[PDB]
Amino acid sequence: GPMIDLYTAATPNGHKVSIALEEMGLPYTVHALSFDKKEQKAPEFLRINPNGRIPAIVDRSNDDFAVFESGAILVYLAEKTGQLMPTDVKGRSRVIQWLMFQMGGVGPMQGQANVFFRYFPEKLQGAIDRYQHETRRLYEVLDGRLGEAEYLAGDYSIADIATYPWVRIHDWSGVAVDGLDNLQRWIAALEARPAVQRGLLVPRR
């Protein structure tokens, strides 16, 4: 049986990891942790991720080693398989750099656009504008980089995998990609990948 257990949900951060597993050809078992039933607050899950959030993996081939944080899981799996991140000093760092730009920039800022534009009890246009403008600014950084190279770190890598599930939902966040020709190219390339398509359907709705 699969030696990776995946705890996930249908969110951009969960899709980062299912896409990566699908790209790498790694078998895995899915646990769609039930937030409806408070499973993320149970002691059992908190021994895997003390933050009580998805995604998280348990590597059963490695003494049931737990890995939390989507970006840390991507690094762990890339290193395990030798795929989707170069091994030389500069190539590896370029991937980690763009991965961190996603983890500290794209994801947090676009997530706050989601909060204020879609979920917050009252409409705070100053906050909505702040995060929508910042997300667009980050998208323009991505677009400029994608004029220099086909993928963010050169060859396709876990950095692209981390970034795509957020860029994909730009309209939910109220942020446009129009005018960003290189980012649009990259979106179309990512969307056409079978492994991306499969990863986006995990966990089954």
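All residue numbers refer to positions in the sequence shown, first residue = 1.
- Remark: stretch with higher mean C-alpha B factor among 57-65 and 147-155 is 57-65.
- Here 69-77 and 130-138 are compared by their mean Cα B-factor, and 130-138 comes out higher.
- Among all modelled residues in this chain, the alpha-carbon of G104 has a temperature factor (C-alpha) in the lowest third.
- In the PDB entry, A113 places in the middle third of its chain by CA B-factor.
- When the modelled residues of the chain are ordered by their C-alpha B factor, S173 lands in the highest third.
- Ranked within its chain, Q97 lands in the lowest third, by CA B factor from the PDB record.
- When the CA B factors of the chain's modelled residues are split into thirds, the value for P50 lands in the middle one.
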